[PDB]
(Lines of atoms letter the chains of each structure in order from A and count residues from 1; the text may use other names and numbers.)
(Lines give C-alpha, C1' and ligand atoms only; values in the text may rest on other atoms or scores of the structure.)
Protein backbone atom coordinates (compact mmCIF):
# COMPACT_ATOMS: atom_id res chain seq x y z
CA UNK A 1 0.00 0.00 0.00
CA UNK A 2 0.98 3.69 0.25
CA UNK A 3 4.14 4.80 2.00
CA UNK A 4 2.99 8.27 3.02
CA UNK A 5 2.23 8.73 6.72
CA UNK A 6 2.24 11.57 9.17
CA UNK A 7 5.29 13.28 10.64
CA UNK A 8 7.91 12.20 8.09
CA UNK A 9 10.22 14.43 6.08
CA UNK A 10 9.67 14.51 2.31
CA UNK A 11 10.92 16.22 -0.82
CA UNK A 12 8.61 17.48 -3.57
CA UNK A 13 9.27 15.92 -6.97
CA UNK A 14 9.10 17.47 -10.44
CA UNK A 15 5.56 16.23 -11.12
CA UNK A 16 4.19 18.88 -8.76
CA UNK A 17 2.97 21.77 -10.90
CA UNK A 18 4.47 24.74 -9.00
CA UNK A 19 8.13 25.11 -9.97
CA UNK A 20 8.86 27.12 -6.81
CA UNK A 21 7.78 24.17 -4.63
CA UNK A 22 9.49 21.43 -6.68
CA UNK A 23 12.64 20.46 -4.83
CA UNK A 24 11.58 21.84 -1.45
CA UNK A 25 11.64 19.74 1.71
CA UNK A 26 8.82 19.57 4.21
CA UNK A 27 7.03 17.38 6.71
CA UNK A 28 3.71 15.60 6.18
CA UNK A 29 1.27 16.54 8.89
CA UNK A 30 -1.91 14.94 7.60
CA UNK A 31 -2.99 12.52 4.89
CA UNK A 32 -6.52 12.47 3.44
CA UNK A 33 -7.44 10.50 0.33
CA UNK A 34 -3.89 10.43 -0.99
CA UNK A 35 -3.51 14.18 -0.50
CA UNK A 36 -0.93 15.25 2.05
CA UNK A 37 -0.74 18.50 3.95
CA UNK A 38 2.98 19.25 3.76
CA UNK A 39 4.54 21.95 5.92
CA UNK A 40 7.36 23.29 3.79
CA UNK A 41 10.32 24.42 5.79
CA UNK A 42 11.81 27.14 3.53
CA UNK A 43 8.56 28.79 2.44
CA UNK A 44 7.02 28.40 5.92
CA UNK A 45 3.68 27.33 4.59
CA UNK A 46 1.47 24.32 4.19
CA UNK A 47 0.57 22.99 0.76
CA UNK A 48 -1.89 20.24 -0.12
CA UNK A 49 0.08 17.89 -2.38
CA UNK A 50 -0.77 14.52 -3.89
CA UNK A 51 1.25 11.77 -2.27
CA UNK A 52 2.55 10.75 -5.65
CA UNK A 53 4.52 14.01 -5.95
CA UNK A 54 6.54 13.22 -2.80
CA UNK A 55 9.53 11.10 -1.82
CA UNK A 56 10.81 10.34 1.67
CA UNK A 57 14.10 11.85 2.81
CA UNK A 58 16.36 9.00 3.92
CA UNK A 59 17.19 9.24 7.65
CA UNK A 60 20.71 9.36 9.06
CA UNK A 61 22.27 8.13 12.30
CA UNK A 62 20.44 9.44 15.38
CA UNK A 63 17.32 10.53 13.53
CA UNK A 64 14.06 9.35 14.92
CA UNK A 65 12.39 7.10 12.36
CA UNK A 66 8.94 5.83 11.46
CA UNK A 67 8.68 2.62 9.46
CA UNK A 68 6.93 3.27 6.14
CA UNK A 69 6.90 -0.18 4.46
CA UNK A 70 6.21 -3.75 5.47
CA UNK A 71 4.94 -5.54 8.54
CA UNK A 72 6.11 -2.90 11.02
CA UNK A 73 4.73 0.13 9.14
CA UNK A 74 3.95 3.06 11.52
CA UNK A 75 6.25 1.75 14.27
CA UNK A 76 8.72 4.33 15.56
CA UNK A 77 12.28 4.19 16.81
CA UNK A 78 15.72 5.74 16.59
CA UNK A 79 18.24 4.95 13.85
CA UNK A 80 21.35 4.04 15.82
CA UNK A 81 23.64 3.00 13.01
CA UNK A 82 23.84 2.30 9.33
CA UNK A 83 25.69 -0.81 8.08
CA UNK A 84 25.71 -0.68 4.30
CA UNK A 85 22.11 -0.54 3.11
CA UNK A 86 20.65 -1.60 6.47
CA UNK A 87 19.63 0.53 9.36
CA UNK A 88 19.89 -0.67 12.93
CA UNK A 89 16.91 0.83 14.73
CA UNK A 90 16.10 0.83 18.44
CA UNK A 91 12.35 0.39 18.42
CA UNK A 92 10.36 2.55 20.82
CA UNK A 93 7.85 -0.10 21.87
CA UNK A 94 10.22 -2.74 23.27
CA UNK A 95 13.55 -0.88 23.24
CA UNK A 96 15.01 -3.70 21.11
CA UNK A 97 17.18 -3.41 18.06
CA UNK A 98 15.80 -4.28 14.64
CA UNK A 99 17.51 -4.44 11.24
CA UNK A 100 15.61 -2.73 8.40
CA UNK A 101 16.80 -1.76 4.94
CA UNK A 102 16.96 2.04 4.83
CA UNK A 103 14.20 2.15 2.19
CA UNK A 104 11.77 1.04 4.91
CA UNK A 105 12.43 4.12 7.07
CA UNK A 106 10.94 7.59 7.16
CA UNK A 107 12.68 10.41 9.01
CA UNK A 108 10.39 11.31 11.92
CA UNK A 109 10.22 15.01 12.77
CA UNK A 110 7.48 15.53 15.34
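Positions refer to the first chain, counted from 1.
Look at the mean CA B-factor for 33-41 and for 74-82 in the entry; the higher one is 33-41. In this entry, the residue among 9, 101, 15, 19 with the greatest C-alpha B factor is 19. Ranked against the other modelled residues of its chain, the C-alpha B-factor of residue 49 as given in the entry falls in the highest third. In this PDB entry, residue 93 carries a Cα temperature factor that places it within the highest third of its chain's modelled residues.
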